[PDB]
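*Asks:* Here it is: the structure, laid out below.
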Amino acid sequence: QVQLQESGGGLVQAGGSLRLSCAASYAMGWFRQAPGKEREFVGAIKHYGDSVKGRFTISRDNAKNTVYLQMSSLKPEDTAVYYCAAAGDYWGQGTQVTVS
Amino acid sequence: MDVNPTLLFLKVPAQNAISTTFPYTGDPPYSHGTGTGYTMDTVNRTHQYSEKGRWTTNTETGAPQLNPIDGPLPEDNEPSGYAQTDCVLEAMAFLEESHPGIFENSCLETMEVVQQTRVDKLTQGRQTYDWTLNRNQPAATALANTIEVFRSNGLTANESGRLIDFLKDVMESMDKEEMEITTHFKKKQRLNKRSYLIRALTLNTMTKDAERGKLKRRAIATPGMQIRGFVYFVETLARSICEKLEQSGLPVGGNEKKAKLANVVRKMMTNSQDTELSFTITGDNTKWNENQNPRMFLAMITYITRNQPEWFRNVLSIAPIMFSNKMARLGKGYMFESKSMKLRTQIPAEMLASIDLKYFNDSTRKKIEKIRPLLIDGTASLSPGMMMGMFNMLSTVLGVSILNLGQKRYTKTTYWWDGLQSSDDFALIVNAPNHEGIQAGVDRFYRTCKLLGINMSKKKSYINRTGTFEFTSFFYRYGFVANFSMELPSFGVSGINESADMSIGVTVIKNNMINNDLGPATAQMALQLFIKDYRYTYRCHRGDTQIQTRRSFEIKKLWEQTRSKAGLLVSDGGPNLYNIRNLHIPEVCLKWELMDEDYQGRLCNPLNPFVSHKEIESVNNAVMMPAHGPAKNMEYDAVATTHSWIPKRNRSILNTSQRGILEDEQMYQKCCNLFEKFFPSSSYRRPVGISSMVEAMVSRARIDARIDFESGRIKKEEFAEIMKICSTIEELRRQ
Amino acid sequence: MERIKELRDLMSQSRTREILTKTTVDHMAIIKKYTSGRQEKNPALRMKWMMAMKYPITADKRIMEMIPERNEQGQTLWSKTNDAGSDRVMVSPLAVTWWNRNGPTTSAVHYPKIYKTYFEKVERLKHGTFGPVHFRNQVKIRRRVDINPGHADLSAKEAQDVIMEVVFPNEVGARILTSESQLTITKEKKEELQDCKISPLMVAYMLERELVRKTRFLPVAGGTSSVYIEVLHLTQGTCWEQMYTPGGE
Amino acid sequence: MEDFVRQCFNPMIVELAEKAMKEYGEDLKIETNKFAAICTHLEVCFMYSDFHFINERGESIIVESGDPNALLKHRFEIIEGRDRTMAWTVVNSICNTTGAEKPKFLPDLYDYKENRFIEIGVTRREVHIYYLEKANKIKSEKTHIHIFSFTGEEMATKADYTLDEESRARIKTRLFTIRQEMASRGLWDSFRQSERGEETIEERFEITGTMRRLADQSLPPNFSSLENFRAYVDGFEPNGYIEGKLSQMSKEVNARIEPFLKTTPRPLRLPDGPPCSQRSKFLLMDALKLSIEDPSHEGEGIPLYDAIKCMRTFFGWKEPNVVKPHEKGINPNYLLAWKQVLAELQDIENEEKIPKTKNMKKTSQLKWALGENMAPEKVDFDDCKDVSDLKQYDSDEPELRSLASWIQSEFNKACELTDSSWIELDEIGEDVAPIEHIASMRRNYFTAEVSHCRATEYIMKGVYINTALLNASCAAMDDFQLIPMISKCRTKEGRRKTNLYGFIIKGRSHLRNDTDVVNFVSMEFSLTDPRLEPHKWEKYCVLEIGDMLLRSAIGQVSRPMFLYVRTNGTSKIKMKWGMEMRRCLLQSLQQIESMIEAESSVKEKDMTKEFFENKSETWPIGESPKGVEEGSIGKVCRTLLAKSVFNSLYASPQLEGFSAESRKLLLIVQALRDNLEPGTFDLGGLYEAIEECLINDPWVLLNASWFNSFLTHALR
RNA sequence: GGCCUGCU
RNA sequence: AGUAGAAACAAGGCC
């Protein structure tokens with residue numbers, strides 16, 4: 001019943017900024033998965049992990065049915081396959097973010 | 001002419017001048033060295049009075065134990081510990097029948113107390129054998145050390161704050177494979193199951209000093225902390241039982257003892273008609289404690305606790321179960337001297353198991369040879385009988401059962417008997433129509449006593465016609481006669497402090513005037529002598545004299561400074577206004593109207609750095625060990641003055657490896673003072689709960705800052721400062 | 001301010017921090033009584049032996065900043081060496097007498113109000129009237145009598161809540177006293193001792209002594225009244241009776 | 001269900017709720033819905049209290065995040081989230097500071113504007129019933145109550161809602177979040193009704209493990225388990241078992257009564273051996289006094305100057321020489337010590353001001369006399385095991401010694417009057433009651449009788465000597481100290497006088513235990529020649545130091561004047577008990593006053609004056625070869641005082657044992673004399689108990705001889 | 001020689 | 001030597 005599509009990923013500079021958005025068909029989460037690993041918690045809606053706190057901000061528009069993740073001051077260690085959005089059981093396909 | 005005071009008894013009856021026969025004006029006998037010899041002698045004597053029992057080896061402690069119960073009946077008048085289970089059960093049954101509802105009620109109140117008792121009740125006790133250090137220490141210290149060890153080992157049920165939970169943890173500790181203890185020389189040492197069992201079942205033996213009335217010294221014992229809770233519960237039950245028995249005299253004072261003795265003698269003699277003869281036996285029991293088997297106390301309690309919740313029966317039965325397997329530490333050891341090489345040595349008692357016997361004399365050699373088979377890990381198994389009156393009240397219960405077993409309903413004969421029992425001492429009034437009847441009655445009473453493991457000392461006992469007898473240094477001759485020689489040692493300076501000593505002395509004079517029939521002129525002489533000794537002890541002379549002392553200068557300037565010198569306290573070099581009419585008034589209040597306001601204010605100043613009060617229990621209570629009796633406490637009336645200082649402590653801990661105990665003392669006292677300043681009622685009512693210190697202290701800081709702003713000195717600046725300081729200590733406790 | 005400040009200072013050091021953290025409130029009493037000092041077996045012998053030493057008594061550290069280290073001739077009054085297991089310092093007995101001749105003075109007018117029992121005894125005796133002494137055998141019979149003449153008809157526990165609410169109003173807890181006699185006692189002893197600064201503990205102890213009924217068994221002949229039992233030593237003897245009437249009657 | 005509280009709520013609240021769970025002692029695994037419900041209650045309490053601040057006005061300042069400032073006051077301050085003790089602490093503190101009324105149950109919050117409590121409760125059921133339910137639970141409450149319920153409705157009395165409505169929208173959004181999250185979970189099969197107020201527990205004290213096996217080994221011989229023994233006890237009923245064993249028991253177990261007649265008691269046997277020696281710490285019967293006739297009081301004065309002045313009052317000094325040796329020591333050391341004492345006394349006399357206390361030089365003489373460096377050095381057993389001489393301390397019965405006639409004469413002359421008053425009593429409150437006047441008159445009579453008595457002089461001597469010795473030991477622990485024996489009396493003429501018996505040199509006194517011994521050497525002047533009763537001075541060394549001339553009708557005697565010198569020792573306990581010798585006066589005079597009161601209870605009148613003046617009545621107080629001699633009441637006073645003084649002087653365990661075991665026999669004899677048909681079970685045992693206390697003490701042997709004489713005179 | 005303790 | 005009496009003191013330990 002809840003389909004999810006992520007937008008706003010791509011190739012960015014180190015110290016740059018990026019606004020991920022997930023459109024949905026409930027609480028929301030943003031999770032990430034690096035190429036060499038399983039899932040890592042980023043943000044939920046608010047709470048943020050240690051590795052991303054102060055840099056990243058989660059927000060939602062319940063009228064637009066969208067959850068946003070505003071990333072700033074990006075590091076090469078934010079690079080992940082992929083930034084996935086989730087609804088709680090329902091998982092997006094994820095959007096590629098690569099920082100360099 | 002040769003003077004002879006004893007001939008005075010040819011005109012004055014013996015009891016009317018018995019005070020002359022009490023040499024209580026000289027130094028009482030003291031022991032000088034080890035008590036190991038006495039401990040070994042007591043163990044051997046206890047084991048050989050029950051030699052005909054049966055031997056076994058405990059599977060847990062591995063120690064040899066001797067069970068004489070239901071053993072062969074004695075065939076001689078020598079002491080015997082061969083008590084018969086059926087006979088004692090029948091005696092208890094008859095006791096219940098003559099007093100229906102005694103056991104059930106007493107068990108009900110005991111159950112209430114046990115299930116509402118707290119752990120802190122164990123701190124209200126004198127020296128106890130701490131097994132963490134293998135030495136005697138104050139009850140509170142030993143309890144704290146044992147609790148710390150238990151918590152370090154994983155037994156934390158005592159955190160519930162209930163004595164029953166502490167005992168549950170104690171029993172659970174018995175089934176542990178390996179416990180850990182701390183030793184300073186800190187080193188962590190591991191104790192296996194058997195070693196910990198023996199350390200929890202052992203007793204510490206010492207020599208009793210200041211014991212007047214015998215040529216030879218004796219040994220006494222002190223148990224550990226694991227077994228004191230069960231003992232407390234058992235003694236609570238026994239006290240509740242004896243309080244319902246008029247034939248017992250152990251749980252009462254002296255005057256009550258005299259009243260009951262008078263009542264029983266009047267009842268026995270008055271009811272006796274002209275045809276019945278009456279005889280009083282002033283009996284003492286030889287080897288009272290050595291012939292009382294803990295298994296028999298177990299039987300008595302399990303009969304008492306019939307038709308009761310099984311948990312109550314178990315908790316009350318745990319104590320005699322541990323006494324039946326009790327071990328005794330031999331003692332300090334033995335000191336040897338070599339005059340050829342001019343040296344001395346001190347060997348600990350634990351070496352007695354393996355040390356050669358060339359150093360010991362014949363008597364000690366034989367004692368060691370006889371006690372060695374019972375030595376297990378430096379301590380001797382003492383199963384057969386009690387060591388030193390730990391179960392006083394249960395022994396009194398057994399004696400009262402014996403006394404009641406001759407109510408003329410169980411005697412089934414013309415003769416009958418009654419009397420009063422207080423452990424190790426009794427008065428027995430036996431009536432019978434003829435001398436043959438009296439002889440038969442006394443013979444049957446003695447025989448029944450021998451069936452319960454109780455022996456009558458024939459050497460220290462005698463029988464006469466009723467009207468004259470003795471009981472615990474109370475001489476009855478058609479009415480109790482005052483002695484005043486038992487209280488003579490208590491007429492000096494007690495040794496608490498100046499005000500306390502003054503009040504205690506005057507109160508003792510007053511009491512001995514009320515009870516021990518002290519004369520008016522004698523009381524005045526006692527007051528004069530006490531004042532003289534008090535002034536000569538505290539260096540506080542009248543002030544108008546030229547007696548140079550270390551304190552005669554300040555006293556003299558205070559004297560010359562004061563205008564109304566009649567108001568000065570004797571402690572400050574003032575006149576004594578006490579008299580027979582003023583013996584019940586504190587010194588401060590008797591001289592209040594005569595003091596100058598300046599001296600009065602300086603004296604009774606709350607900010608004085610000398611007065612120190614710890615708890616409600618230790619405000620005006622002084623522990624004076626009376627001569628020829630157990631340690632007792634007295635309420636003394638006194639006003640908190642600058643003279644209420646507390647004296648210096650020992651200070652010898654600084655040269656011992658146990659030096660860190662003082663740092664722990666200081667830190668604990670600092671924390672306790674901080675808590676008291678945070679919780680003013682900490683002393684009067686001991687706080688209860690399950691939270692930790694800093695939580696309560698920080699939270700009360702929050703609230704008190706708040707409200708003391710809502711009216712008081714605090715300000716927003718200070719209130720916020722306190723709030724964020726509370727947050728700071730919070731995050732500090734986090735890390 | 002201060003209190004939380006020494007709290008923070010204590011928590012600064014690791015050992016006291018651990019003691020504060022792991023120790024629960026219930027164990028308060030235990031650790032407070034935790035001491036290496038044995039209870040003396042023969043107090044008189046050592047009091048007669050210690051008083052021959054210099055610095056035989058103990059006093060709080062504050063004494064070092066109220067009393068000079070030496071008097072006019074140079075006799076030392078206090079020492080800076082602390083006691084065995086406390087922060088208190090050992091001082092000489094002269095520091096007591098010194099405090100009574102040049103120490104700070106206060107207003108002791110409220111001590112009579114605190115120590116009600118003793119001052120009532122003094123007042124009762126001061127106005128007493130003696131009588132002739134009659135010499136005849138006295139049949140002293142032993143009876144249970146109440147010694148405290150000011151007991152307010154309350155038991156120990158019964159008056160303990162009253163005492164707390166009078167002195168420690170905040171630590172009362174659940175209890176709110178129902179009996180109106182307790183209400184009036186609380187009101188009176190609250191308004192009477194509203195600013196007395198002797199000590200909370202001594203105030204509570206003396207209130208307990210005054211209000212709580214206590215009873216003891218004594219050999220009496222006549223009398224039997226509470227006021228007549230405190231002077232039982234002066235009115236009744238072995239072969240003499242001294243008629244007496246306390247000031248109260 | 002607990003997974004929900006794992007997931008959603010923050011740590012702070014979950015551990016607060018876990019401690020509240022531990023509070024009342026019920027376990028979380030059996031019923032968890034209570035945990036969730038009360039943690040949601042606690043959460044609404046926080047979320048309602050926080051984010052709400054106030055400044056000096058009312059009109060709370062609401063900030064989403066508290067900025068750094070002193071303006072961090074909280075609008076609502078929480079009650080719950082604390083222990084019951086602290087919750088009631090806050091309740092009482094608020095009541096006492098706010099002057100408000102104390103509620104009987106737990107509130108949840110306090111507010112300033114309206115100065116009162118808030119009891120927040122959000123229940124599953126609708127508000128309009130739970131509100132008045134908790135209202136009727138709380139009696140006559142002014143604390144405002146406010147409750148929510150899951151449907152989203154709010155209510156309150158007074159139509160009062162105490163703060164912003166957006167906060168309440170927050171509350172109900174939180175509420176429906178809870179609701180339609182359980183919707184995903186599915187808990188309402190019990191969520192509405194899961195707690196019914198269960199409070200019950202059974203106390204369990206189970207014996208198991210090792211402690212059970214111990215219980216199986218603490219039974220009678222023929223029992224196998226505690227279960228079986230308890231079953232037997234419960235099934236046991238009395239069926240005449242004491243009678244069976246009484247019949248079967250041997251008849252030799254008896255308590256036959258042996259009649260006690262006049263011919264039964266035999267005299268106590270005294271030990272035989274070398275005569276008994278002197279044990280006192282000072283001369284009692286052979287003391288000599290050098291005096292000055294000064295006006296100073298007992299404690300008033302300086303010791304050394306008084307001693308020197310008294311000694312200068314005597315002329316006739318001779319070079320000292322040995323008269324009677326110690327027989328075991330080195331008498332030349334005693335001689336040299338005496339001359340050293342004299343020399344140093346002169347040395348003090350020369351200098352400016354006599355020191356209050358003097359220290360002496362530690363010469364070899366007093367090193368030997370005071371036993372210095374003679375204690376064997378303490379070592380370890382592992383280093384001394386092959387030494388053949390190494391053995392225990394000598395522990396055997398003391399040497400046996402027979403009684404001598406000197407103690408009898410010493411006691412005889414210890415009860416004799418003197419030409420001085422040796423007691424100067426203190427002051428007492430002026431007597432106000434007639435009974436106090438009677439007491440004072442009695443006391444004055446006894447003081448007049450006993451003050452002129454050698455017993456009082458011995459009391460003062462012992463008290464002063466022991467006080468000085470104890471004080472010197474406690475002060476000068478290391479260095480040998482000189483102390484002159486001083487006692488001050490008052491003559492018949494009324495002139496005060498000082499008396500110097502001799503000197504005491506105290507040695508090293510590092511006394512730790514109450515039994516540790518301080519050694520001193522005592523020197524005392526005397527005129528009694530030691531060549532007449534040598535066995536009484538076994539441990540003394542006696543020199544000849546001068547000649548004395550006392551006025552007598554036989555020209556003038558010009559007697560010799562000797563010095564008794566000995567090494568003695570004491571201990572802290574002995575010093576303390578010897579410095580309380582004044583209670584002998586008490587003991588004695590209490591006995592006499594008891595006699596007087598007992599006799600006066602017969603005749604309804606005080607009988608003291610006629611007893612002390614008429615001297616008609618007399619008591620047996622000694623035996624002469626003619627027969628038993630009786631003396632007035634004053635002589636009885638002096639005799640009892642002397643007995644108490646000698647008890648305090650010659651105290652020992654032998655004395656205590658003999659006193660007890662002879663008081664027993666005295667009571668038996670008194671019963672016999674009263675015609676009370678006394679009987680004994682083993683009189684030989686009592687006799688053996690008495691006779692084992694008599695070993696070598698002169699005082700106890702004299703007491704035993706007195707007891708034998710009393711038996712001989714009694715039983716007639 | 002210097003310093004520590006006196007119921008631990 | 002002395003005190004004392006069923007075992008001790010006649011200083012202890014630490015450098």
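For the structure tokens, the naming scheme is as follows: chains receive sequential letters (A, B, ...) according to their order of presentation, residues are indexed from 1 within each chain, and ligands are indexed from 1 in presentation order.
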Do a neighbour search on range 6-10 of chain F at 6 Å with only C-alpha atoms (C1' of nucleotides), toss out local chain neighbours closer than 5 positions, and write the hits as a list in words.
*Replies:*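 Residues meeting the cut-off are residues 32 and 33 of chain B; 375, 395, 396, 516 and 517 of chain D.
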*Asks:* Which residues come within 8 Å of residue 242 in chain B, counting only C-alpha atoms (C1' of nucleotides), excluding same-chain residues fewer than 5 positions away, as JSON, numbers by chain?
*Replies:* {"B": [248, 251, 393, 396, 397]}
*Asks:* Would you save the residues from that selection as a PDB file, in the first residue's frame, using N, CA, C and O atoms?
*Replies:*
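Result file follows (result.pdb):
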```pdb
ATOM      1  N   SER B 248       9.382 -17.602  85.139  1.00  0.00           N
ATOM      2  CA  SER B 248      10.632 -17.121  84.572  1.00  0.00           C
ATOM      3  C   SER B 248      10.985 -15.760  85.158  1.00  0.00           C
ATOM      4  O   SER B 248      10.109 -14.982  85.543  1.00  0.00           O
ATOM      5  N   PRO B 251      13.721 -12.265  81.594  1.00  0.00           N
ATOM      6  CA  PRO B 251      13.398 -11.051  80.835  1.00  0.00           C
ATOM      7  C   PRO B 251      12.946  -9.869  81.678  1.00  0.00           C
ATOM      8  O   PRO B 251      12.450  -8.890  81.113  1.00  0.00           O
ATOM      9  N   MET B 393      17.283 -17.383  76.787  1.00  0.00           N
ATOM     10  CA  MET B 393      15.839 -17.398  76.981  1.00  0.00           C
ATOM     11  C   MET B 393      15.263 -18.794  76.762  1.00  0.00           C
ATOM     12  O   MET B 393      14.346 -19.201  77.480  1.00  0.00           O
ATOM     13  N   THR B 396      16.000 -20.747  79.821  1.00  0.00           N
ATOM     14  CA  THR B 396      15.030 -20.378  80.846  1.00  0.00           C
ATOM     15  C   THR B 396      13.682 -21.039  80.583  1.00  0.00           C
ATOM     16  O   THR B 396      12.987 -21.434  81.523  1.00  0.00           O
ATOM     17  N   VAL B 397      13.294 -21.158  79.314  1.00  0.00           N
ATOM     18  CA  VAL B 397      12.043 -21.834  78.976  1.00  0.00           C
ATOM     19  C   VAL B 397      12.091 -23.293  79.412  1.00  0.00           C
ATOM     20  O   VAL B 397      11.128 -23.820  79.980  1.00  0.00           O
TER      21      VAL B 397
END
```
*Asks:* Chain D near chain A within 12 Å: what's each residue's closest atom pair and its distance in Å to one decimal, counting only C-alpha atoms, ordered by chain then ascending residue number, as JSON lines?
*Replies:*
```
{"residue": "D:7", "atom": "CA", "partner": "A:88", "partner_atom": "CA", "distance": 11.6}
{"residue": "D:8", "atom": "CA", "partner": "A:27", "partner_atom": "CA", "distance": 10.8}
{"residue": "D:10", "atom": "CA", "partner": "A:47", "partner_atom": "CA", "distance": 10.8}
{"residue": "D:176", "atom": "CA", "partner": "A:26", "partner_atom": "CA", "distance": 11.7}
{"residue": "D:177", "atom": "CA", "partner": "A:26", "partner_atom": "CA", "distance": 8.9}
{"residue": "D:178", "atom": "CA", "partner": "A:26", "partner_atom": "CA", "distance": 11.6}
{"residue": "D:180", "atom": "CA", "partner": "A:26", "partner_atom": "CA", "distance": 9.4}
{"residue": "D:181", "atom": "CA", "partner": "A:26", "partner_atom": "CA", "distance": 8.7}
{"residue": "D:183", "atom": "CA", "partner": "A:26", "partner_atom": "CA", "distance": 11.6}
{"residue": "D:184", "atom": "CA", "partner": "A:88", "partner_atom": "CA", "distance": 9.3}
{"residue": "D:185", "atom": "CA", "partner": "A:88", "partner_atom": "CA", "distance": 11.5}
```
*Asks:* Would you put the residues from that selection into a file with N, CA, C and O atoms, as a PDB file, in the first residue's frame?
*Replies:*
```pdb
ATOM      1  N   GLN D   7      10.455   0.468  21.651  1.00  0.00           N
ATOM      2  CA  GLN D   7      10.568   1.252  20.424  1.00  0.00           C
ATOM      3  C   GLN D   7      10.396   2.745  20.679  1.00  0.00           C
ATOM      4  O   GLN D   7      11.313   3.538  20.434  1.00  0.00           O
ATOM      5  N   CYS D   8       9.224   3.152  21.170  1.00  0.00           N
ATOM      6  CA  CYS D   8       8.834   4.553  21.052  1.00  0.00           C
ATOM      7  C   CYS D   8       9.499   5.435  22.106  1.00  0.00           C
ATOM      8  O   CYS D   8      10.257   6.352  21.773  1.00  0.00           O
ATOM      9  N   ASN D  10      11.448   7.441  25.110  1.00  0.00           N
ATOM     10  CA  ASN D  10      12.850   7.746  25.336  1.00  0.00           C
ATOM     11  C   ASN D  10      13.384   6.967  26.536  1.00  0.00           C
ATOM     12  O   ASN D  10      12.615   6.468  27.359  1.00  0.00           O
ATOM     13  N   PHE D 176      -3.691  10.293  20.203  1.00  0.00           N
ATOM     14  CA  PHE D 176      -4.094   9.508  19.047  1.00  0.00           C
ATOM     15  C   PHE D 176      -2.916   8.861  18.332  1.00  0.00           C
ATOM     16  O   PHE D 176      -3.100   7.815  17.707  1.00  0.00           O
ATOM     17  N   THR D 177      -1.710   9.424  18.424  1.00  0.00           N
ATOM     18  CA  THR D 177      -0.535   8.694  17.968  1.00  0.00           C
ATOM     19  C   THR D 177      -0.426   7.372  18.710  1.00  0.00           C
ATOM     20  O   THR D 177      -0.272   6.306  18.101  1.00  0.00           O
ATOM     21  N   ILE D 178      -0.557   7.423  20.036  1.00  0.00           N
ATOM     22  CA  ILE D 178      -0.551   6.201  20.833  1.00  0.00           C
ATOM     23  C   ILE D 178      -1.633   5.255  20.327  1.00  0.00           C
ATOM     24  O   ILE D 178      -1.387   4.070  20.064  1.00  0.00           O
ATOM     25  N   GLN D 180      -3.704   5.028  17.389  1.00  0.00           N
ATOM     26  CA  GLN D 180      -3.526   4.396  16.089  1.00  0.00           C
ATOM     27  C   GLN D 180      -2.094   3.933  15.843  1.00  0.00           C
ATOM     28  O   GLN D 180      -1.747   3.663  14.688  1.00  0.00           O
ATOM     29  N   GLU D 181      -1.255   3.838  16.883  1.00  0.00           N
ATOM     30  CA  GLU D 181      -0.075   2.993  16.754  1.00  0.00           C
ATOM     31  C   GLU D 181      -0.340   1.618  17.355  1.00  0.00           C
ATOM     32  O   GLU D 181       0.064   0.599  16.777  1.00  0.00           O
ATOM     33  N   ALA D 183      -3.029   0.486  17.050  1.00  0.00           N
ATOM     34  CA  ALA D 183      -3.802  -0.016  15.918  1.00  0.00           C
ATOM     35  C   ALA D 183      -2.942  -0.920  15.045  1.00  0.00           C
ATOM     36  O   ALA D 183      -3.363  -2.015  14.653  1.00  0.00           O
ATOM     37  N   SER D 184      -1.725  -0.475  14.732  1.00  0.00           N
ATOM     38  CA  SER D 184      -0.764  -1.353  14.084  1.00  0.00           C
ATOM     39  C   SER D 184      -0.354  -2.511  14.984  1.00  0.00           C
ATOM     40  O   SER D 184      -0.046  -3.594  14.475  1.00  0.00           O
ATOM     41  N   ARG D 185      -0.344  -2.314  16.305  1.00  0.00           N
ATOM     42  CA  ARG D 185       0.040  -3.400  17.208  1.00  0.00           C
ATOM     43  C   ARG D 185      -1.143  -4.323  17.508  1.00  0.00           C
ATOM     44  O   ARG D 185      -1.071  -5.534  17.271  1.00  0.00           O
TER      45      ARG D 185
END
```
*Asks:* I'd like the neighbourhood of range 63-78 of chain C as a PyMOL selection string, where a residue qualifies if any of its atoms comes within 12 Å (using only C-alpha atoms (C1' of nucleotides)), though same-chain residues fewer than 4 positions away should be ignored.
*Replies:* (chain B and resi 549-554+557+607-611) or (chain C and resi 54-59+82+88-104)
*Asks:* Run DSSP on the backbone of this structure and report the residues of range 44-189 of chain B it assigns to strand (DSSP E), as a list in words.
*Replies:*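 Put together, the selection reads residues 54, 55, 56, 57, 64, 65, 66, 67, 128, 129, 130, 135, 136, 137, 178, 179, 180, 181, 182, 183, 187, 188 and 189 of chain B.
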*Asks:* Select residues of chain E: the criterion is any atom within 12 Å of an atom of chain D, counting only C-alpha atoms (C1' of nucleotides); output as a list in words.
*Replies:*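 Contact residues on the first chain: residues 5, 6, 7 and 8 of chain E.
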*Asks:* Within 12 Å of range 550-558 of chain D, counting only C-alpha atoms (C1' of nucleotides), which residues qualify if same-chain residues fewer than 3 places away don't, as a VMD selection string?
*Replies:* chain D and resid 314 to 316 527 546 to 547 561
*Asks:* I'd like the contact shell of residue 592 in chain B - 9 Å cut-off, only C-alpha atoms (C1' of nucleotides), skipping same-chain residues fewer than 5 positions apart - returned as a list in words.
*Replies:*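 Answer for this query is residues 567, 587 and 600 of chain B.
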*Asks:* Just the selected residues (N, CA, C and O atoms), exported as an mmCIF file, in the first residue's frame, please.
*Replies:*
```
data_model
loop_
_atom_site.group_PDB
_atom_site.id
_atom_site.type_symbol
_atom_site.label_atom_id
_atom_site.label_comp_id
_atom_site.auth_asym_id
_atom_site.auth_seq_id
_atom_site.Cartn_x
_atom_site.Cartn_y
_atom_site.Cartn_z
ATOM 1 N N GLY B 567 26.903 30.245 91.232
ATOM 2 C CA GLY B 567 26.267 29.647 90.075
ATOM 3 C C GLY B 567 27.223 28.864 89.197
ATOM 4 O O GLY B 567 26.796 28.191 88.256
ATOM 5 N N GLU B 587 22.726 19.470 87.280
ATOM 6 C CA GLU B 587 23.519 20.543 87.871
ATOM 7 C C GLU B 587 23.233 21.881 87.200
ATOM 8 O O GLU B 587 23.143 22.912 87.876
ATOM 9 N N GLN B 600 26.488 32.160 81.742
ATOM 10 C CA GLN B 600 25.411 31.273 81.316
ATOM 11 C C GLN B 600 25.365 31.157 79.800
ATOM 12 O O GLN B 600 25.232 30.054 79.256
#
```
*Asks:* When you look at residue 75 in chain A with a cut-off of 12 Å (counting only C-alpha atoms (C1' of nucleotides)), what residues show up, excluding the ones that are within fewer than 2 positions of it in the same chain? I need them as a VMD selection string.
*Replies:* chain A and resid 11 to 18 51 to 52 55 to 56 71 to 73 77 to 80 97 to 100
*Asks:* Set the cut-off to 6 Å and count only C-alpha atoms: what are the residues of chain D that reach chain C? Output as a list in words.
*Replies:*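 Using only C-alpha atoms, chain D residues at most 6 Å from chain C: residues 88, 89, 92, 93, 471, 474, 597, 601, 604 and 605 of chain D.
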*Asks:* Residues of chain B within 10 Å of chain E, counting only C-alpha atoms (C1' of nucleotides) - could you list those as a PyMOL selection string?
*Replies:* chain B and resi 136-137+649-656+658-659
*Asks:* Go ahead and save the residues from that selection, with C-alpha atoms, as a PDB file, in the first residue's frame.
*Replies:*
```
ATOM      1  CA  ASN B 136      36.048  -9.135  66.445  1.00  0.00           C
ATOM      2  CA  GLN B 137      34.721  -5.789  65.227  1.00  0.00           C
ATOM      3  CA  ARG B 649      39.609   7.779  70.514  1.00  0.00           C
ATOM      4  CA  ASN B 650      42.203   5.012  70.615  1.00  0.00           C
ATOM      5  CA  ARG B 651      44.367   6.247  67.688  1.00  0.00           C
ATOM      6  CA  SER B 652      46.406   3.008  67.533  1.00  0.00           C
ATOM      7  CA  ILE B 653      44.955   2.035  64.135  1.00  0.00           C
ATOM      8  CA  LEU B 654      47.637   4.184  62.487  1.00  0.00           C
ATOM      9  CA  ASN B 655      50.326   1.521  63.070  1.00  0.00           C
ATOM     10  CA  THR B 656      48.295  -1.386  61.639  1.00  0.00           C
ATOM     11  CA  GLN B 658      44.063  -1.898  58.716  1.00  0.00           C
ATOM     12  CA  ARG B 659      44.813   1.814  58.333  1.00  0.00           C
TER      13      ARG B 659
END
```
